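Enquirer: I'd like to ask you about the structure that follows.
No lab work stands behind these numbers, since they all come straight from the coordinates. In this analysis, Cβ positions are derived from the backbone assuming ideal geometry, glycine residues included, and neighbour counts consider all displayed protein chains.
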Ligand SMILES: CCCCCCCCCCCCCCCCCC(=O)OC[C@H](COP(=O)([O-])OCC(O)COP(=O)([O-])OC[C@@H](COC(=O)CCCCCCCCCCCCCCCCC)OC(=O)CCCCCCCCCCCCCCCCC)OC(=O)CCCCCCCCCCCCCCCCC
């Protein structure tokens, strides 16, 4: 209740969440994942024995496919 | 063998980087790069240049001498008859 009234201005009932969930389909997932993930620059953090953590260019090039 | 998993042992070093698309490729040339090249030339000038100057003097001398050697000597005909 508290978090919702601060963030949304209103309590969202479980029924509305269910109606929102029911609309997703594979096409929606494809679209929105592409809208936020595909060919984007990431933020990376590492701590430990991280010699083998790939170079930043190698990580950036992993955000897209050449066969697409 | 040599592989990015076990090259050496290091502790307590932190690194920071930007992505290439966030920054400029040639950020400051005439305000930083040019003076740096100038000092880089200064630091090596007297270790390289004088040897080549000496080579140049030797070359020119040897050329001049060889070319003198091909001219006729007046005393070779004037001296005795
Ligand atoms: C000579 C001088 C030498 C000295 C010079 C000195 C200086 C040198 C300095 C530089 C040194 C550089 C060293 C090399 C660095 C390599 C880096 C590297 O590998 O990075 C790995 C890099 C890093 O990613 P990763 O972390 O490994 O992740 C892997 C993931 O799977 C990533 O997944 P992904 O989806 O992102 O990428 C995968 C996909 C990405 O690529 C693609 O999907 C396509 C890319 C663009 C299109 C290229 C299509 C080429 C198709 C073949 C040729 C036909 C063209 C059309 C004409 C038809 C004619 C009938 O690539 C592949 O799967 C590899 C093969 C792609 C081509 C498919 C064909 C394979 C058969 C090739 C032989 C064919 C012969 C017969 C041809 C027909 C009859 C004549 O990932 C790669 O896999 C890179 C792929 C590089 C492929 C290069 C292909 C070159 C060969 C082309 C064909 C040549 C024959 C042509 C014959 C004549 C007909 C035209």
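Enquirer: To the nearest whole number, what is the average tally of beta carbon atoms from other chains within 10 Å of the beta carbons of peptide A:53-65? Don't jump to the answer; show the numbers that get you there.
Expert: Values: counts 1, 1, 2, 4, 2, 0, 1, 3, 0, 0, 0, 0, 0.
Rounded to a whole number, the mean comes out at 1.
Enquirer: Roughly speaking, what is the stretch gain from residue A:41 to residue A:58, that is 0.36 nm per residue apart minus the C-alpha to C-alpha distance, in nm to one decimal?
Expert: Between residue A:41 and residue A:58, full extension yields 5.0 nm more.
Enquirer: Sticking with this one: What is the helix-to-structure angle for A:26-36, meaning the angle in degrees between its Cα long axis and the longest Cα principal axis of chain A, kept from 0 to 90 and rounded to the nearest 10?
Expert: 60
Enquirer: Here is a further query. Calculated FRET efficiency, residue A:67 and residue B:22, Cβ-Cβ r, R0 35 Å, to nearest 0.05?
Expert: Details: r = 27 Å, r/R0 = 0.78.
Working from the Cβ atoms, E equals 0.80.
Enquirer: Expressed as a fraction of 2.2 N^0.38 Å, the rule-of-thumb size for a compact globular protein of N residues, what is the C-alpha radius of gyration of the protein assembly as shown?
Expert: That works out to 2.54 for the protein assembly as shown.
Enquirer: If you don't mind, another one. Give the angle, between 0 and 90 degrees and rounded to the nearest 10, that separates the Cα long axis of helix B:45-68 from the longest principal axis of the Cα atoms of chain B.
Expert: 20
Enquirer: Please find, in a Gaussian network model of chain B (springs between Cα atoms separated by less than 10 Å), the residue of B:38, B:30, B:21 whose mean-square fluctuation is greatest.
Expert: B:21
Enquirer: For the protein assembly as shown, what does -39500 (n - 2.57) per DSSP helix run (n ≥ 4), summed and divided by total residues, give at 222 nm, in deg cm²/dmol to the nearest 500? Walk me through the intermediate numbers first.
Expert: Numbers: 7 runs with 69 residues, N = 149.
Calculated mean residue ellipticity at 222 nm is -13500 deg cm²/dmol.
Enquirer: Sticking with this one: For labels at residue B:80 and residue B:38 in the simple 7 Å Cα→Cβ model, what's the distance in nm?
Expert: 6.9
Enquirer: Running a GNM on chain A with Cα contacts under 10 Å, which residue among A:20, A:30, A:11 ends up with the highest mean-square fluctuation?
Expert: Of A:20, A:30, A:11, the Gaussian network model singles out A:11 as fluctuating most.
Enquirer: Tell me, what does the Kirkwood hydrodynamic radius of chain A come to in angstroms if you use every pair of distinct C-alpha atoms?
Expert: Radius from the Kirkwood sum: 16.1 Å.
Enquirer: Please give the helix A:14-23 orientation as an angle from the longest Cα principal axis of chain A, in degrees from 0 to 90, rounded to the nearest 10.
Expert: 50
Enquirer: Exposure proxy check: B:12, B:28 ranked by fewest other beta carbons within 10 Å?
Expert: Going from sparsest to densest Cβ surroundings: B:12, B:28.
Enquirer: Beyond 21 Å, what percent of the Cα pairs of chain B remain?
Expert: It works out to 74 percent of all Cα pairs.
Enquirer: How would you rank A:55, B:80, going from fewest to most other Cβ atoms within 10 Å of each one's own Cβ? Provide the component values of the computation, followed by the final result.
Expert: Working: A:55 10, B:80 6.
Ordered from fewest to most neighbouring Cβ atoms within 10 Å, A:55, B:80 come out as B:80, A:55.
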